[PDB]
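A quick write-up on the structure given underneath.
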Amino acid sequence: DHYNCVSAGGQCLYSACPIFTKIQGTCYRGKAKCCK
């Protein structure tokens, strides 16, 4: 979720992750990815 994602330094993104991150969980009622 957004809380776990961002509190760890991840981003909640609806599309592909930026360099040096990958999908690890979700955000926003499961509709976005957590990229970290």
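Going by the structure tokens order, chains are called A, B, ..., each with residues numbered from 1, while ligands are numbered from 1 in the order shown.
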
Residues at most 7 Å from region 18-33 of chain A, counting only C-alpha atoms, excluding those fewer than 4 positions away in the same chain, as a PyMOL selection string?
chain A and resi 1-2+12-14

Identify all residues of chain A in alpha helix (DSSP H) (DSSP on the backbone) and supply them as a list in words.
residues 2, 3, 4, 5, 6 and 7 of chain A

Those selected residues, please, written with N, CA, C and O atoms and delivered as a PDB file, in the first residue's frame.
```
ATOM      1  N   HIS A   2       0.213   2.401  -0.118  1.00  0.00           N
ATOM      2  CA  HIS A   2       0.975   3.653  -0.176  1.00  0.00           C
ATOM      3  C   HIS A   2       1.846   3.836   1.081  1.00  0.00           C
ATOM      4  O   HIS A   2       3.011   4.219   0.979  1.00  0.00           O
ATOM      5  N   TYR A   3       1.275   3.490   2.245  1.00  0.00           N
ATOM      6  CA  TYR A   3       2.011   3.668   3.486  1.00  0.00           C
ATOM      7  C   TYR A   3       3.325   2.869   3.491  1.00  0.00           C
ATOM      8  O   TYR A   3       4.439   3.402   3.761  1.00  0.00           O
ATOM      9  N   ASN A   4       3.234   1.570   3.232  1.00  0.00           N
ATOM     10  CA  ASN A   4       4.448   0.763   3.196  1.00  0.00           C
ATOM     11  C   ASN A   4       5.443   1.130   2.081  1.00  0.00           C
ATOM     12  O   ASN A   4       6.666   1.134   2.272  1.00  0.00           O
ATOM     13  N   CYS A   5       4.866   1.553   0.966  1.00  0.00           N
ATOM     14  CA  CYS A   5       5.658   1.867  -0.198  1.00  0.00           C
ATOM     15  C   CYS A   5       6.505   3.109   0.091  1.00  0.00           C
ATOM     16  O   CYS A   5       7.764   3.074   0.032  1.00  0.00           O
ATOM     17  N   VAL A   6       5.817   4.206   0.379  1.00  0.00           N
ATOM     18  CA  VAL A   6       6.514   5.496   0.490  1.00  0.00           C
ATOM     19  C   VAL A   6       7.349   5.602   1.758  1.00  0.00           C
ATOM     20  O   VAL A   6       8.448   6.167   1.727  1.00  0.00           O
ATOM     21  N   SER A   7       6.874   5.037   2.866  1.00  0.00           N
ATOM     22  CA  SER A   7       7.664   5.056   4.115  1.00  0.00           C
ATOM     23  C   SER A   7       9.034   4.315   3.970  1.00  0.00           C
ATOM     24  O   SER A   7       9.957   4.550   4.757  1.00  0.00           O
TER      25      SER A   7
END
```

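Within chain A, DSSP run on the backbone puts these residues in strand (DSSP E): residues 11, 12, 13, 23, 24, 25, 26, 27, 32, 33, 34 and 35 of chain A.
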